[PDB]
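What follows is a short report on a single structure.
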Amino acid sequence: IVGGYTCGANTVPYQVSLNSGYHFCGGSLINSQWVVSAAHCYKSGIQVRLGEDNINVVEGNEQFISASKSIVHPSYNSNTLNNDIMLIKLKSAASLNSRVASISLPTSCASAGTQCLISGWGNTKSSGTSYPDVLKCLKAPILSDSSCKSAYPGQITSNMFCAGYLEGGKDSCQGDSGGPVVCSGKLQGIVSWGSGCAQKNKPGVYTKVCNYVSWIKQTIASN
Ligand SMILES: [Ca+2]
């Protein structure tokens with residue numbers, strides 16, 4: 001997250017870190033046994049880390065649980081990033097409390113102008129590299145589809161939205177991918193892609209979760 005603020009420990013209780021020896025992507029806890037992330041974060045050997053603030057220090061609220069199954073969306077396209085969404089089943093259920101909690105799926109899609117909260121452990125610089133140990137947060141609005149398509153001609157599908165600031169300076173970044181965009185208490189986006197981070201006229205692009213609720217619910221019910 002570029003241009004954000006330190007969230008505070010366990011203030012984003014649905015945020016997870018995906019770990020394969022190191023943090024590589026975020027995700028969101030949607031019930032006690034399932035996480036949703038970005039398909040481009042797929043790899044084998046995932047440990048899901050719940051209850052994290054500092055990802056390099058054991059602080060006392062963590063739960064570390066291996067994945068048993070990963071399910072990339074049937075229609076994910078790695079070249080265009082269309083359908084950039086993946087479900088991860090935990091080997092055992094997490095213990096839920098005020099510091100480790102699920103986020104609700106949306107019943108309706110959010111409109112442009114709605115303010116959302118984006119969070120992650122990704123790079124904090126638009127030039128160069130500095131990775132934080134503690135969770136960072138950013139408040140940002142959903143942009144109109146017309147603004148989004150004008151920023152990224154030929155690249156925005158109906159399964160994507162832009163959020164952020166056309167003036168730049170505040171955005172998600174590398175290492176935030178897979179993490180949550182929460183608006184009005186519901187999961188509306190997944191950090192997906194952008195051109196650099198925090199550049200003028202290049203806001204972040206997010207997977208539009210409201211298009212996937214049926215697939216998510218059916219998949220959980222059967223797996
Ligand atoms: Ca920790």
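In the structure tokens, chains take letters A, B, ... by order of appearance, with residues numbered from 1 within each chain and ligands from 1 in the order shown.
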
Please return as JSON, numbers by chain the residues found within 6 Å of ligand 1, counting only C-alpha atoms and all ligand atoms. {"A": [52, 53, 54, 55, 56, 57, 58, 59]}

Write the residues of the preceding selection, restricted to N, CA, C and O atoms, as an mmCIF file, in the first residue's frame.
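Saved the output as selection-v4.cif:
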data_model
loop_
_atom_site.group_PDB
_atom_site.id
_atom_site.type_symbol
_atom_site.label_atom_id
_atom_site.label_comp_id
_atom_site.auth_asym_id
_atom_site.auth_seq_id
_atom_site.Cartn_x
_atom_site.Cartn_y
_atom_site.Cartn_z
ATOM 1 N N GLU A 52 -2.724 -11.892 11.996
ATOM 2 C CA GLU A 52 -1.431 -11.244 11.888
ATOM 3 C C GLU A 52 -1.522 -9.723 11.967
ATOM 4 O O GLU A 52 -2.421 -9.101 11.394
ATOM 5 N N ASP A 53 -0.511 -9.127 12.600
ATOM 6 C CA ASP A 53 -0.166 -7.727 12.396
ATOM 7 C C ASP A 53 1.255 -7.677 11.858
ATOM 8 O O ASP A 53 1.460 -7.565 10.655
ATOM 9 N N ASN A 54 2.259 -7.815 12.725
ATOM 10 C CA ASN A 54 3.635 -7.911 12.258
ATOM 11 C C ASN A 54 3.877 -9.341 11.769
ATOM 12 O O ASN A 54 3.822 -10.293 12.555
ATOM 13 N N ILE A 55 4.142 -9.501 10.472
ATOM 14 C CA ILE A 55 4.321 -10.828 9.882
ATOM 15 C C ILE A 55 5.675 -11.453 10.185
ATOM 16 O O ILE A 55 5.879 -12.623 9.840
ATOM 17 N N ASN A 56 6.576 -10.728 10.857
ATOM 18 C CA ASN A 56 7.888 -11.237 11.239
ATOM 19 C C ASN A 56 8.048 -11.490 12.732
ATOM 20 O O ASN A 56 9.125 -11.908 13.135
ATOM 21 N N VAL A 57 7.018 -11.256 13.541
ATOM 22 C CA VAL A 57 7.066 -11.409 14.992
ATOM 23 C C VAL A 57 5.827 -12.169 15.429
ATOM 24 O O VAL A 57 4.728 -11.822 15.005
ATOM 25 N N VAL A 58 5.977 -13.169 16.291
ATOM 26 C CA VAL A 58 4.822 -13.836 16.887
ATOM 27 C C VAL A 58 4.336 -12.968 18.040
ATOM 28 O O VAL A 58 5.038 -12.770 19.038
ATOM 29 N N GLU A 59 3.131 -12.413 17.880
ATOM 30 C CA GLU A 59 2.572 -11.454 18.814
ATOM 31 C C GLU A 59 1.472 -12.016 19.690
ATOM 32 O O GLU A 59 1.146 -11.402 20.701
#

Contact residues around residue 84 in chain A with only C-alpha atoms at 7 Å, ignoring same-chain residues under 3 positions, as a PyMOL selection string: chain A and resi 38-40+76+81+192+207

Pick out each residue of range 13-148 of chain A that DSSP on the backbone tags as strand (DSSP E); I need them as an NGL selection string. :A and (15-19 or 23-29 or 34-37 or 47-50 or 63-72 or 86-90 or 115-120 or 136-141)

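Residue neighbourhood of residue 82 in chain A, excluding near-sequence residues (fewer than 4 positions): residues 75, 76, 77, 78, 157, 159 and 160 of chain A, at 8 Å, using only C-alpha atoms.
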
Go through A:137, A:30, A:35, A:103 one by one, measure the shortest atom-to-atom distance of each to residue 9 in chain A using only C-alpha atoms, and give the residue with the smallest value. A:137
